[PDB]
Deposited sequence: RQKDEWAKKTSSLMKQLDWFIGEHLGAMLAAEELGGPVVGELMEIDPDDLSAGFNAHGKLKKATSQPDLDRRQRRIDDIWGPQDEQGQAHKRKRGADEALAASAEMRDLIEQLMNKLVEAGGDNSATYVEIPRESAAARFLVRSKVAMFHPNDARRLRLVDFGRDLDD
């Protein structure tokens, strides 16, 4: 099958993203850098792992977030994640993977 290429592409891309987060983003979030990179990658991992875990249940895809987490603010400002309307301490990814003809 063509399946492990979609797995090879995703393991490759996931390493490129983590490089970008460590080398460029964590520094920007400081204004320590290493601490910012680790928490942004944990948060993106938790965000993505759940979005698929729901499959259809759009309501379950919210993770708990510390009150003033800069990672979440950046992810919401970059339009990769959304706060819950009723309260801003849970947080979901935008669901890029869902497609009508997927």
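Student: Residue ranges with no C-alpha coordinates, please: along the deposited sequence, counted from 1, in order.
Tutor: No coordinates exist for the deposited residues in 32-97, so this stretch alone is absent from the model.
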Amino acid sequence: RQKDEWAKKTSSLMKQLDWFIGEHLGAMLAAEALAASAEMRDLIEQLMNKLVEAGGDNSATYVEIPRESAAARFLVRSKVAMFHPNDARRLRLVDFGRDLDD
From here on, numbers count along this sequence of modelled residues.
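Student: Comparing 74-82 with 88-96, which has the greater mean CA B-factor as deposited?
Tutor: That would be 88-96.
Student: Could you say whether, by C-alpha temperature factor, residue 52 belongs to the lowest, middle or highest third of its chain?
Tutor: It belongs to the highest third of the chain when residues are ordered by C-alpha B-factor.
Student: Grab the CA temperature factor for residue 60 from the record and place it in the lowest, middle or highest third of its chain.
Tutor: Tercile = highest for this residue's CA B-factor.
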